[PDB]
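Have a look at start.pdb; it's PDB, C-alpha atoms:
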ATOM      1  CA  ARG A   1     114.094  73.782  81.844
ATOM      2  CA  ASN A   2     112.201  77.084  81.994
ATOM      3  CA  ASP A   3     112.018  79.972  79.539
ATOM      4  CA  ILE A   4     111.691  83.500  80.866
ATOM      5  CA  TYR A   5     111.547  86.301  78.311
ATOM      6  CA  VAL A   6     112.937  89.453  79.869
ATOM      7  CA  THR A   7     112.340  92.766  78.178
ATOM      8  CA  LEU A   8     114.301  95.901  79.008
ATOM      9  CA  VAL A   9     111.520  98.388  78.364
ATOM     10  CA  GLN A  10     112.543 101.906  79.364
ATOM     11  CA  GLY A  11     114.193 104.051  81.987
ATOM     12  CA  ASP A  12     114.409 107.663  83.176
ATOM     13  CA  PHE A  13     117.694 109.071  84.461
ATOM     14  CA  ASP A  14     119.425 112.326  85.425
ATOM     15  CA  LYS A  15     122.873 113.342  86.696
ATOM     16  CA  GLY A  16     122.806 116.472  88.836
ATOM     17  CA  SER A  17     126.122 118.345  88.698
ATOM     18  CA  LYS A  18     126.178 117.339  85.020
ATOM     19  CA  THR A  19     123.508 119.412  83.306
ATOM     20  CA  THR A  20     123.789 116.866  80.495
ATOM     21  CA  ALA A  21     122.261 113.389  80.177
ATOM     22  CA  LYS A  22     124.156 110.158  80.747
ATOM     23  CA  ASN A  23     124.762 107.466  78.131
ATOM     24  CA  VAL A  24     123.151 104.646  80.081
ATOM     25  CA  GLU A  25     124.123 101.053  79.519
ATOM     26  CA  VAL A  26     122.153  98.289  81.235
ATOM     27  CA  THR A  27     123.872  94.993  82.048
ATOM     28  CA  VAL A  28     121.530  92.054  82.653
ATOM     29  CA  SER A  29     122.657  89.028  84.665
ATOM     30  CA  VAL A  30     121.112  86.111  86.543
ATOM     31  CA  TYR A  31     122.364  85.665  90.102
ATOM     32  CA  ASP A  32     121.558  83.372  93.004
ATOM     33  CA  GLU A  33     120.846  84.061  96.693
ATOM     34  CA  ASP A  34     124.577  83.891  97.518
ATOM     35  CA  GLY A  35     125.588  86.510  94.974
ATOM     36  CA  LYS A  36     127.157  83.925  92.673
ATOM     37  CA  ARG A  37     126.378  84.284  88.978
ATOM     38  CA  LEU A  38     124.553  81.639  86.963
ATOM     39  CA  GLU A  39     126.532  80.934  83.794
ATOM     40  CA  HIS A  40     125.337  80.575  80.216
ATOM     41  CA  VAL A  41     121.593  80.981  80.801
ATOM     42  CA  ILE A  42     120.966  84.095  78.743
ATOM     43  CA  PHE A  43     119.957  83.653  75.089
ATOM     44  CA  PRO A  44     119.704  86.903  73.080
ATOM     45  CA  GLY A  45     118.443  87.146  69.512
ATOM     46  CA  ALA A  46     118.160  83.883  67.584
ATOM     47  CA  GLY A  47     118.931  82.096  70.844
ATOM     48  CA  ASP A  48     121.611  79.749  69.483
ATOM     49  CA  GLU A  49     124.391  80.825  71.858
ATOM     50  CA  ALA A  50     124.161  81.364  75.613
ATOM     51  CA  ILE A  51     125.927  84.085  77.563
ATOM     52  CA  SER A  52     126.224  85.032  81.219
ATOM     53  CA  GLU A  53     126.160  88.790  80.687
ATOM     54  CA  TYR A  54     124.021  90.978  78.395
ATOM     55  CA  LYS A  55     124.557  94.638  77.526
ATOM     56  CA  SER A  56     121.937  96.942  76.036
ATOM     57  CA  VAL A  57     122.158  99.547  73.319
ATOM     58  CA  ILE A  58     123.599 102.801  74.648
ATOM     59  CA  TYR A  59     121.413 105.778  73.788
ATOM     60  CA  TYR A  60     123.778 108.748  73.763
ATOM     61  CA  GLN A  61     122.647 111.638  75.941
ATOM     62  CA  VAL A  62     119.109 110.262  76.078
ATOM     63  CA  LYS A  63     117.519 111.030  79.445
ATOM     64  CA  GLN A  64     114.691 108.561  78.844
ATOM     65  CA  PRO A  65     116.029 105.492  76.953
ATOM     66  CA  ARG A  66     113.500 103.140  75.364
ATOM     67  CA  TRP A  67     115.460  99.942  74.835
ATOM     68  CA  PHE A  68     112.555  97.562  74.246
ATOM     69  CA  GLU A  69     115.118  94.743  74.092
ATOM     70  CA  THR A  70     114.116  91.140  74.791
ATOM     71  CA  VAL A  71     116.424  88.328  75.852
ATOM     72  CA  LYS A  72     115.523  84.754  76.765
ATOM     73  CA  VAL A  73     116.613  83.486  80.171
ATOM     74  CA  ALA A  74     116.651  79.703  80.375
ATOM     75  CA  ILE A  75     117.426  78.203  83.776
ATOM     76  CA  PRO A  76     116.775  74.656  85.086
ATOM     77  CA  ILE A  77     113.519  74.382  87.055
ATOM     78  CA  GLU A  78     115.828  73.207  89.832
ATOM     79  CA  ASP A  79     117.502  76.630  90.037
ATOM     80  CA  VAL A  80     114.559  78.998  89.600
ATOM     81  CA  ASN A  81     113.651  79.541  93.269
ATOM     82  CA  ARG A  82     117.213  80.515  94.225
ATOM     83  CA  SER A  83     117.742  82.931  91.330
ATOM     84  CA  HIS A  84     117.047  86.564  90.524
ATOM     85  CA  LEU A  85     117.711  89.089  87.773
ATOM     86  CA  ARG A  86     120.285  91.812  88.344
ATOM     87  CA  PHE A  87     120.338  95.024  86.337
ATOM     88  CA  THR A  88     123.407  97.204  86.540
ATOM     89  CA  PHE A  89     123.438 100.700  85.139
ATOM     90  CA  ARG A  90     126.522 102.455  83.868
ATOM     91  CA  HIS A  91     127.414 105.678  82.060
ATOM     92  CA  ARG A  92     129.641 105.358  78.970
ATOM     93  CA  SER A  93     131.319 108.285  77.204
ATOM     94  CA  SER A  94     132.313 106.277  74.127
ATOM     95  CA  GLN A  95     135.138 108.728  73.478
ATOM     96  CA  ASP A  96     138.212 107.663  71.498
ATOM     97  CA  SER A  97     139.565 109.689  74.406
ATOM     98  CA  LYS A  98     139.924 107.918  77.767
ATOM     99  CA  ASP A  99     138.894 110.095  80.720
ATOM    100  CA  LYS A 100     136.211 108.668  83.038
ATOM    101  CA  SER A 101     136.567 105.172  84.500
ATOM    102  CA  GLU A 102     132.808 104.956  83.909
ATOM    103  CA  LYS A 103     131.689 102.801  86.809
ATOM    104  CA  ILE A 104     128.348 101.431  87.967
ATOM    105  CA  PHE A 105     126.067 104.082  89.418
ATOM    106  CA  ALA A 106     122.825 102.174  90.014
ATOM    107  CA  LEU A 107     121.195  98.767  90.365
ATOM    108  CA  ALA A 108     117.768  97.134  90.130
ATOM    109  CA  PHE A 109     116.621  93.534  90.519
ATOM    110  CA  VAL A 110     113.686  91.138  90.610
ATOM    111  CA  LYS A 111     113.317  87.687  92.151
ATOM    112  CA  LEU A 112     112.051  84.911  89.924
ATOM    113  CA  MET A 113     110.233  83.075  92.701
ATOM    114  CA  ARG A 114     107.843  84.513  95.277
ATOM    115  CA  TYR A 115     107.749  83.554  98.967
ATOM    116  CA  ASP A 116     104.644  81.763  97.731
ATOM    117  CA  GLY A 117     106.577  79.149  95.772
ATOM    118  CA  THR A 118     105.032  80.850  92.742
ATOM    119  CA  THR A 119     107.203  82.056  89.867
ATOM    120  CA  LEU A 120     107.357  85.728  88.814
ATOM    121  CA  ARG A 121     104.107  87.279  87.590
ATOM    122  CA  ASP A 122     103.957  87.874  83.828
ATOM    123  CA  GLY A 123     103.810  91.527  82.811
ATOM    124  CA  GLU A 124     105.532  94.836  83.506
ATOM    125  CA  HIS A 125     107.567  95.530  86.612
ATOM    126  CA  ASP A 126     108.438  98.989  87.883
ATOM    127  CA  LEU A 127     111.814  98.287  89.444
ATOM    128  CA  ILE A 128     113.349 100.408  92.163
ATOM    129  CA  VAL A 129     116.645 101.936  91.119
ATOM    130  CA  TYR A 130     119.038 101.724  94.069
ATOM    131  CA  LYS A 131     122.284 103.649  94.334
ATOM    132  CA  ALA A 132     125.266 103.178  96.646
ATOM    133  CA  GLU A 133     129.012 102.752  96.324
ATOM    134  CA  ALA A 134     130.239 100.322  93.668
ATOM    135  CA  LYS A 135     131.004  97.295  95.848
ATOM    136  CA  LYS A 136     128.094  97.723  98.271
ATOM    137  CA  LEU A 137     125.852  97.935  95.223
ATOM    138  CA  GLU A 138     126.719  94.369  94.130
ATOM    139  CA  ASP A 139     125.982  92.686  97.475
ATOM    140  CA  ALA A 140     123.113  90.274  96.896
ATOM    141  CA  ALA A 141     123.030  89.730 100.663
ATOM    142  CA  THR A 142     122.050  93.392 100.969
ATOM    143  CA  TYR A 143     119.563  94.256  98.222
ATOM    144  CA  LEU A 144     117.902  90.825  98.231
ATOM    145  CA  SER A 145     116.395  91.824 101.578
ATOM    146  CA  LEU A 146     114.936  95.082 100.230
ATOM    147  CA  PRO A 147     111.775  95.863  98.190
ATOM    148  CA  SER A 148     112.125  94.761  94.568
ATOM    149  CA  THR A 149     109.409  96.761  92.824
ATOM    150  CA  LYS A 150     107.732 100.065  93.597
ATOM    151  CA  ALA A 151     104.475  98.173  94.096
ATOM    152  CA  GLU A 152     106.291  96.384  96.921
ATOM    153  CA  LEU A 153     107.877  99.536  98.333
ATOM    154  CA  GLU A 154     104.444 101.159  98.577
ATOM    155  CA  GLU A 155     103.054  98.149 100.423
ATOM    156  CA  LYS A 156     105.273  99.471 103.232
ATOM    157  CA  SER A 157     108.393 109.142  99.518
ATOM    158  CA  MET A 158     111.181 106.832 100.688
ATOM    159  CA  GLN A 159     114.562 108.157  99.592
ATOM    160  CA  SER A 160     116.720 105.684 101.513
ATOM    161  CA  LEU A 161     116.452 102.199 103.057
ATOM    162  CA  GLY A 162     119.000  99.857 104.632
ATOM    163  CA  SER A 163     121.583 102.536 103.754
ATOM    164  CA  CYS A 164     120.580 102.142 100.099
ATOM    165  CA  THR A 165     119.486 105.271  98.235
ATOM    166  CA  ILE A 166     116.136 104.852  96.513
ATOM    167  CA  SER A 167     116.652 106.898  93.371
ATOM    168  CA  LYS A 168     114.059 109.062  91.650
ATOM    169  CA  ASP A 169     115.334 107.373  88.484
ATOM    170  CA  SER A 170     112.908 104.942  86.934
ATOM    171  CA  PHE A 171     113.290 101.570  85.239
ATOM    172  CA  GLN A 172     110.711  99.231  83.764
ATOM    173  CA  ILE A 173     110.880  95.677  82.469
ATOM    174  CA  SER A 174     108.368  93.100  81.319
ATOM    175  CA  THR A 175     108.538  89.359  81.972
ATOM    176  CA  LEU A 176     106.914  86.283  80.472
ATOM    177  CA  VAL A 177     107.442  82.738  81.744
ATOM    178  CA  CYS A 178     107.098  79.487  79.787
TER     179      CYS A 178
END

How does this structure look as structure tokens?
Amino acid sequence: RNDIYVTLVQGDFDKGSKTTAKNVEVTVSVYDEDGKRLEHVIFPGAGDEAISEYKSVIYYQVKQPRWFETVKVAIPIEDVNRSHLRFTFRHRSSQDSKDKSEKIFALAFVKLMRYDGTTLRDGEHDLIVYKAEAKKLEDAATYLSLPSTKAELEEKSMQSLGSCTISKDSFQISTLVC
């Protein structure tokens, strides 16, 4: 198998008509080219139990969250070239009072394999934070065809692409393969 340590480093968000920060939650998942999720390949903490979905710490009204959370992704070498990491961002109110159906507002992703048959480069990645309607946001067929990192976007300021809004929000991760 293969071990890929994925670190949620930090992000920078805003809201607009809400002159008050969001309580951003990041959900990490491993998906394949067809938009189907890979099950039980995420190993947080001690790494004794695998999950398919990981949720970060929510930093209440913090415009620039610094998660610095590391999870271990372990996927068979046979499934590495068809997989990618998907990061979903959501706002939670954590009120004992139900009011907002807090849904996904943004998404970021990174492919494990390059078009060079070479796995993902170790180090930090400045992911592009894309926004669009809920459902359209989760279409691997869509975003998989768009720039993954800002280093990639520049090798082509863009505020929209393929109908996807390229947010001013920022998100950074760090990867390490083994």

(request) Using all atoms listed in the file, find the one residue out of A:140, A:135, A:129, A:112 that sits nearest to residue 153 in chain A. (result)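 Under the stated criterion, the closest residue is A:129.
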
(request) For the structure provided, state which residues fall under the PyMOL selection byres ((chain A and resi 39) around 10), and present them as JSON, numbers by chain. (result) {"A": [29, 30, 31, 36, 37, 38, 40, 41, 42, 50, 51, 52, 53, 75]}

(message) If we count only C-alpha atoms and set the cut-off at 7 Å, which residues sit around range 59-71 of chain A, ignoring sequence neighbours fewer than 4 positions away in its own chain? Please answer as a ChimeraX atom specification.
(response) /A:5-14,21-24,42-45

Please return as a PDB file with C-alpha atoms, keeping the file's coordinate frame every residue within 9 Å of (116.7, 81.4, 97.4), taking into account all atoms listed in the file and the file's own coordinates.
ATOM      1  CA  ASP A  32     121.558  83.372  93.004  1.00  0.00           C
ATOM      2  CA  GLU A  33     120.846  84.061  96.693  1.00  0.00           C
ATOM      3  CA  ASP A  34     124.577  83.891  97.518  1.00  0.00           C
ATOM      4  CA  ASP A  79     117.502  76.630  90.037  1.00  0.00           C
ATOM      5  CA  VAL A  80     114.559  78.998  89.600  1.00  0.00           C
ATOM      6  CA  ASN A  81     113.651  79.541  93.269  1.00  0.00           C
ATOM      7  CA  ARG A  82     117.213  80.515  94.225  1.00  0.00           C
ATOM      8  CA  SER A  83     117.742  82.931  91.330  1.00  0.00           C
ATOM      9  CA  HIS A  84     117.047  86.564  90.524  1.00  0.00           C
ATOM     10  CA  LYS A 111     113.317  87.687  92.151  1.00  0.00           C
ATOM     11  CA  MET A 113     110.233  83.075  92.701  1.00  0.00           C
TER      12      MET A 113
END

(message) Using all atoms listed in the file, which protein or nucleic acid residues come within 6 Å of range 102-110 of chain A? Drop anything in the same chain fewer than 3 positions from it, and give the result as a PyMOL selection string.
(response) chain A and resi 84-92+128-131+148

(message) If I take CA of residue 171 in chain A and CA of residue 120 in chain A, how far is one from the other in Å, to one decimal?
(response) 17.3 Å

(request) Find the residues near residue 164 in chain A: any atom within 9 Å, counting all atoms listed in the file, skip ones fewer than 3 places away on the same chain, and give them as a list in words. (result) residues 130, 131, 132, 136, 137, 142, 143, 159, 160 and 161 of chain A

(message) Ranking A:149, A:95, A:175, A:27 by minimum distance to residue 54 in chain A and counting only C-alpha atoms, which one comes first?
(response)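 Looking only at the distances to residue 54 in chain A, the closest residue turns out to be A:27.
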
(request) Could you jot down the CA of residue 169 in chain A to CA of residue 119 in chain A separation for me, Å, one decimal place? (result) 26.6 Å

(request) Using all atoms listed in the file, find the one residue out of A:56, A:174, A:101, A:20 that sits nearest to residue 124 in chain A. (result)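 Looking at the shortest contact to residue 124 in chain A, the residue is A:174.
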
(message) What's the separation between CA of residue 94 in chain A and CA of residue 19 in chain A, in Å to one decimal place?
(response) 18.3 Å
